[PDB]
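Listed next as structure tokens is one chain, alone, in the form deposited in one PDB entry.
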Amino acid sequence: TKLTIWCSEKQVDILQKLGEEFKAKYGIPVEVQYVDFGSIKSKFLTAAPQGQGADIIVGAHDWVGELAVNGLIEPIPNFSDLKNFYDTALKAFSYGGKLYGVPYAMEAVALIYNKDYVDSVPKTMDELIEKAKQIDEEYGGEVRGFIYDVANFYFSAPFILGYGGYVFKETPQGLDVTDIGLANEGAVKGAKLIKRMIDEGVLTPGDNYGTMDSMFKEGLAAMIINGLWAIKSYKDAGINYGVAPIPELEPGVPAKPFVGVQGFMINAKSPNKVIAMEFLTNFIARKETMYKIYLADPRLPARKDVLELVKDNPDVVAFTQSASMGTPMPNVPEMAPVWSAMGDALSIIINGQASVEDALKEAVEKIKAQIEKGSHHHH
């Protein structure tokens, strides 16, 4: 008997240490395997039905609907510590009236800046663009004023949603997946701000997560958009960084980032699903274990009495402010095609292959086509 876990590099060390604690207390060995975050869900979709998925996976709550309706993750039973998690975090992991994960953290992106180049937080996106241009000119191109994973809808959503875009309409009967707002007037305005930054040379079409992240660590990026998951690596790199909400899109109009919840899900096909569930509900969910996880991966705790311990940490304060005007990612099965359609639209936009209106129109048509053909149903 061996419990297997897949998780990104941010959680491997602490989960292997906790796994040794669990073995010391219950005699069940735990094997934690690094999987690059962007491969976890895709690998689980193909491996789990073959009996080759991990017993437990760690990842983001938007996966829940797709995995649940495909029979791949197990509903979490009631347990004594359930009450101790924020309802926002539990709702993110709930679908169709059932909880499908034990959450450990809540998150949203923010503006992260290097104080070697930025002395005050730009008050608006127009000010940010001007400061970034100033930096690009002042240091001769050696330092990037602003860089982020621009073609990735997760990171460009703050602009698209902030102006009034939405994924699916909220209704008293749940999300209406036939009412898609990713090509509305606000979505277009937000994507046009992105294209304006490309036009003014503040962003480039080749910018991606790795180029942004390594440049910031090297001390050669003044401003980026990233989450609290990366702050430990910037501390280790020696960057004197600051954190603030993404500057207002217009005076008095905030950016609207996605809110994500990270948590543990149980493979419904696993022969070890009973003990895996016990590991989550009776061990991972404890206050002591959740605090150990925070110290190693210091995202906002999903457990209220753990957040209370760390509420004055300046990173916690700044990322809480950034998330405060955000919106949680949808977790319905129909969220599955949204990422690729909008990512393709953003690539088209930043490469000048089509107008913003045409690219977003095509993205919405693609999403509707994927929903109508049931792209979220695998068999």
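Superpose the two forms; the largest set of C-alphas matching within 1.5 Å is the rigid core. Don't overthink the numbering: it's just position in the shown sequence, from 1. Only residues modelled in both forms are compared.
Keep in mind the form deposited in another entry is missing from the figure; the text below concerns it.
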Shifts of 2 Å or more at the CA atom, core superposed, between the shown form and the other one: which of the listed residues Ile40, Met329, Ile348, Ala318 is the one? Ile40
Could you check, with the core superposed, whether the Cα atom of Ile367 shifts 2 Å or more between the shown form and the other one? no
Would you say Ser80 moves its Cα by 2 Å or more between the shown form and the other one, aligning on the core? yes
With the core lined up, does the C-alpha of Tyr291 move 2 Å or more between the shown form and the other one? yes
Shift in CA distance, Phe155 and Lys10, in the other entry relative to the form shown here, given it is 3 Å or more: farther
So the CA-CA distance for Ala244 and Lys10 moves by at least 3 angstroms in the other entry. Closer or farther than here? farther
Rigid core superposed, please list the runs of 3+ consecutive shared residues whose C-alphas all move by 2 Å or more between the shown form and the other one. 1 to 105, 261 to 299, 301 to 312
